[PDB]
Amino acid sequence: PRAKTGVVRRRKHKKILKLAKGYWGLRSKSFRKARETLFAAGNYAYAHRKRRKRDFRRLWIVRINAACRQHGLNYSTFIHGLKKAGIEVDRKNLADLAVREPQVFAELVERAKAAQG
Amino acid sequence: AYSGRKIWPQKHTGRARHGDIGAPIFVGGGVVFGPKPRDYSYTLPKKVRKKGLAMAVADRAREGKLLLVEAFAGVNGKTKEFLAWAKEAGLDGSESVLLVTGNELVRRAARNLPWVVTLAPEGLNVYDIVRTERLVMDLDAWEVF
Amino acid sequence: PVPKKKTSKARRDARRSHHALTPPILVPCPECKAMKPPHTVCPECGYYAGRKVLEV
Amino acid sequence: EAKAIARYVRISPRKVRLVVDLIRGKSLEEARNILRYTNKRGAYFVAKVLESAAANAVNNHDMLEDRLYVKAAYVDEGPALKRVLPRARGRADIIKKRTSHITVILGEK
Amino acid sequence: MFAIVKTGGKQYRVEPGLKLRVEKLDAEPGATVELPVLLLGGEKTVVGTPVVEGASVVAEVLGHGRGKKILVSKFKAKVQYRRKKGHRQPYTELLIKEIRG
Amino acid sequence: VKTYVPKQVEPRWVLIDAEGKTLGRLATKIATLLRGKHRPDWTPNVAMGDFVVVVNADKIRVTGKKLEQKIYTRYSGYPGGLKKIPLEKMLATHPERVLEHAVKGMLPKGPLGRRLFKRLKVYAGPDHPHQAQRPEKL
RNA sequence: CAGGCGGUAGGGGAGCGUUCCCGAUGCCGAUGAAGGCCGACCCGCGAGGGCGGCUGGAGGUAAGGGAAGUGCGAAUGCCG
RNA sequence: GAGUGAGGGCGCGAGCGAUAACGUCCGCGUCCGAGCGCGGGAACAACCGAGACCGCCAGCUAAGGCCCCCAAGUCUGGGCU
RNA sequence: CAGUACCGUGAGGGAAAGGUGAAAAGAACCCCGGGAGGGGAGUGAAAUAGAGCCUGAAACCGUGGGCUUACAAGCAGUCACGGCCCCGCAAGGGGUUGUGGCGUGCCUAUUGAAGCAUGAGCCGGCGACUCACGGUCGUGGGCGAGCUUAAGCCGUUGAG
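And the structure:
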């Protein structure tokens, strides 16, 4: 019984080849190089997972504080205006009802606050 | 290979280290022991050379064993005619079978036994029966007391 | 002295764009059509000045 | 349809390149002349080239001089011939010689 | 007009009868008309009142028409030879169809 | 999938300034005003905001005792020499120039920081030439 | 259903990918084995496995498990 | 059936040393190493918190924070800088 | 057509280098023409079939295409809304990237790494504990106070 090498390896590193298309230097034409990115690009793509969410998130945060200061009120305690209310929601994302048709939010001020009297 | 026996320098060398001209690095140098004509000589006994086929054929009797223990066919030397007792018996190339004929007679006869047995002496070939089915014997004694 | 790496093709065409072949020149001519360059001699138009090959 | 060849050389392929990008996008006129009358190697060759190119492409391909536009060519390289360089203390000053290649093409106007 | 509630750590809103994804949840295909609670509505043509919850004695017709599909992801450790991947991924994703409340 | 992209914005405009504007202290939340604070469609990546100025800015609210008590220095030397100048100096050298600095200290940065800055008219008018609006807020 | 889950060496569970065996006077196979370029569907957590297209030019080995000069980025390694 | 003593940072008891060193010997505690994956730490494994597969345009709080370059009152005082 | 080229002084030492096709049928002829090396045609099942011709990948090659770019700072990739050319009625699927965010790699050593502490030409391709025998704990087993025969001899295509 005899056994050698052949084609195995190339394939295992060819996977990379495909995932590497579009990269710059050797990261677009190398098995050990692109490999070494599956690490950066890889971990940073995934990892950039908490990143990507962490982004769209706080993004909401301000635009929010932004014009809420228009009607007057402001974050922190503002959120309270919700608690003293009766429940708590809006996923500050939905809080987009300021992006299109915000007077909707207007009342919301009248809301929250009013709990303090 | 009785190599050039020792060669290159050291310290410096072709950058790459070395001393032993055995260079088990190329497709022609030393390596390891993969094979070894020692195909290893392991085995067992007859205290099993028995029990095995016992239970096997029993269920292979639920298949359709039988075995005249000794049957004719004709010229016992002309292939065709032998089979003539294949049909006049009930067999035809499909579900496979085998048999033990301790006589050169049907041996120097059965010639090319595809799908079939054509034995005579004694060696035992259960396996090939696996890919087959029915069969016949030469006296219980021939099998072995 | 001595380096220790491998050349980059990027810088390849980079510093070599100024190699964009700067083609020569040429002009018309008299008699036949020996459109000669700024001061030369050719039997395609010959000429009519000193005397070289042929003209018509 | 207005074509030839440019392979089996004896020298530097990169030295040709721009020699072509020099006369690319032009017309039969343009190239044939200008360069033909432009020193520094290349010339004496690219020449015989265009002559056979459209000579048949206007033969067993029937074209038309004057209108044959200068498509372009294929800046590319070829094979080599080995020879080492002696030196101080019989060292490793080694090499060979890159020949050249590329393609020939114009069209019907 | 719009409307709003949620679906397990994921608050959503809509309009008429659209639908795309949000993992999977029991109840055979889209042969049912399932619906949970809510909280506000949509200060516009018809409303202007949220308050304490609101999902009090009020739900929302969330049609079905299932189409659950198996997606994909792709993972791997990656650090210093401690990249022990050998493990991509998928994840759930149901396809149905809303209505309203 | 809520986005927020309104498809552009086209920043605003406004005006202000006087001998009673606390230089720098103001700065901070100043730029934090341009980029696009009141701009809801505000998608941090895009560069909206406004377009504002500060006239009779020369000497504006002289802040406090920063005068002589601050050396606006960031110009690094080459052979062994850069720059200095304290308050009773810059306050002079282009008052407009001045104020610029005070903020310049912190400021933002990047292709974005750059742009949202373009529109930074100041000085000591009043009256902001090449204007085309200015809803001044006191 | 509580629980467990980072985790170098080490020490378990499998599985996977990788060349001869019978099966091979069984079976695909030139409306293609085999190489491949491509695949942005399906199956695989992965191992991979597919799975079908176009170039491709003569064979392959089923389920199964029975044998293992491989499961090789590299060592200024051998070589081209 | 395998690692194994070439550990060290911190802190404390304590001997060294010119309360000399991100040092030495131990003890021990420690966590890094082996947790160079979190976070703070301005950037910096060993100092505080906090110990890890999905999806997240999900929420609550501890370390730890609310003018700027990025998050949340230039809050309230009430003084004292 | 190697123990040759070759390197040696002796001894010595040692290379590379198989593959058109069923059949050479091996290129007729005529315009480029320095012979060279071209185009047609023909044979030709097949010239991405013709002589470093089998099939022909890979490092290294631009024709030529498409997406990018001259205020600009970076292990570079990523994740994000956006825009910017193929394909899907639609759903979208795309390719690229702007900026914004985000980003200390990789293989070997150790209280201690990313690190100018080593190695890393570059791609391919070759590469490393079986196995003999021998010792010795487990595992499906059978026999089981009982439980196991070498070296031969007939015989074995084979097997026995």
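Chains as they are written, first to last, in this note's numbering: chain D, -19 to 97; chain Y, -15 to 129; chain C, 1082 to 1137; chain E, 48 to 156; chain R, 2 to 102; chain S, 92 to 229. We put the CB at the ideal spot given by N, CA and C, even for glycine.
Check whether residue i and residue j have beta carbons under 7 Å apart
| i | j | result |
| --- | --- | --- |
| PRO226 (chain S) | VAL105 (chain S) | yes |
| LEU82 (chain Y) | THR116 (chain Y) | yes |
| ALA104 (chain E) | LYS50 (chain E) | yes |
| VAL146 (chain S) | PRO220 (chain S) | no |
| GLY125 (chain E) | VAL56 (chain E) | yes |
| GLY140 (chain S) | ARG126 (chain S) | yes |
| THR150 (chain E) | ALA53 (chain E) | yes |
| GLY58 (chain Y) | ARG118 (chain Y) | no |
| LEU41 (chain R) | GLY55 (chain R) | yes |
| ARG22 (chain R) | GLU94 (chain R) | yes |
| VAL90 (chain Y) | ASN60 (chain Y) | yes |
| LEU173 (chain S) | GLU159 (chain S) | no |
| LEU67 (chain Y) | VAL120 (chain Y) | no |
Residue i to residue j span [Cα, whole Å]
| i | j | result |
| --- | --- | --- |
| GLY66 (chain D) | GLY64 (chain R) | 29 Å |
| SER57 (chain R) | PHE76 (chain R) | 43 Å |
| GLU1125 (chain C) | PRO1111 (chain C) | 10 Å |
| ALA75 (chain D) | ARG34 (chain D) | 17 Å |
| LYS112 (chain S) | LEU229 (chain S) | 10 Å |
| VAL41 (chain Y) | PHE129 (chain Y) | 18 Å |
| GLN96 (chain D) | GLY31 (chain R) | 46 Å |
| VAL1108 (chain C) | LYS87 (chain E) | 20 Å |
| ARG37 (chain D) | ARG67 (chain R) | 30 Å |
| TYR91 (chain E) | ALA1101 (chain C) | 20 Å |
| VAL96 (chain E) | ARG83 (chain E) | 11 Å |
| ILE107 (chain S) | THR154 (chain S) | 17 Å |
| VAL53 (chain Y) | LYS31 (chain Y) | 24 Å |
| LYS1133 (chain C) | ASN80 (chain E) | 22 Å |
| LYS120 (chain S) | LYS72 (chain D) | 24 Å |
Cβ shell of residue i (< 7 Å), same chain only, five flanking positions each side left out
| i | result |
| --- | --- |
| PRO8 (chain Y) | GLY14, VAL15 |
| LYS175 (chain S) | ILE162, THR164 |
| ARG130 (chain S) | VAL100, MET139, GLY140 |
Helix, strand or coil at residue i [DSSP, three-state]
| i | result |
| --- | --- |
| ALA119 (chain E) | strand |
| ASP76 (chain D) | coil |
| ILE5 (chain R) | strand |
| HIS221 (chain S) | coil |
| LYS86 (chain R) | coil |
| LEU198 (chain S) | coil |
| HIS60 (chain D) | helix |
| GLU1136 (chain C) | coil |
| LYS69 (chain R) | coil |
| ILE(-4) (chain D) | helix |
| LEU82 (chain Y) | strand |
| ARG103 (chain S) | coil |
| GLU179 (chain S) | helix |
Cβ neighbours of residue i in the same chain (closer than 8 Å, five flanking residues each side left out)
| i | result |
| --- | --- |
| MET181 (chain S) | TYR163, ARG188, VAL189, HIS192 |
| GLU155 (chain E) | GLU48, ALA49, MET110, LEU111, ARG114, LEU115 |
| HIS51 (chain D) | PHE85, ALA86, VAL89 |
Span of the alpha helix (DSSP H) around residue i
| i | result |
| --- | --- |
| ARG95 (chain Y) | Careful: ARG95 (chain Y) lies outside any alpha helix (DSSP H) and carries neither H nor E. |
| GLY14 (chain Y) | It is not in any alpha helix (DSSP H) - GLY14 (chain Y) carries neither H nor E in the DSSP assignment. |
| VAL42 (chain D) | 11 to 51 |
| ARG118 (chain Y) | Run containing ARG118 (chain Y): none in the alpha helix (DSSP H); it sits in the beta strand (DSSP E), 118 to 120. |
| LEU125 (chain S) | 118 to 125 |
Neighbourhood of residue i by C-beta distance below 6 Å, restricted to the same chain and skipping five residues each side
| i | result |
| --- | --- |
| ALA78 (chain E) | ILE70, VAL117 |
| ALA119 (chain E) | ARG71 |
| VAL131 (chain E) | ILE141 |
| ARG210 (chain S) | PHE142 |
| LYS45 (chain R) | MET2 |
N-terminal and C-terminal residue of the beta strand (DSSP E) that residue i is part of
| i | result |
| --- | --- |
| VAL96 (chain S) | That residue, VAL96 (chain S), is in no beta strand (DSSP E); it is neither H nor E in DSSP. |
| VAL151 (chain E) | 151 to 154 |
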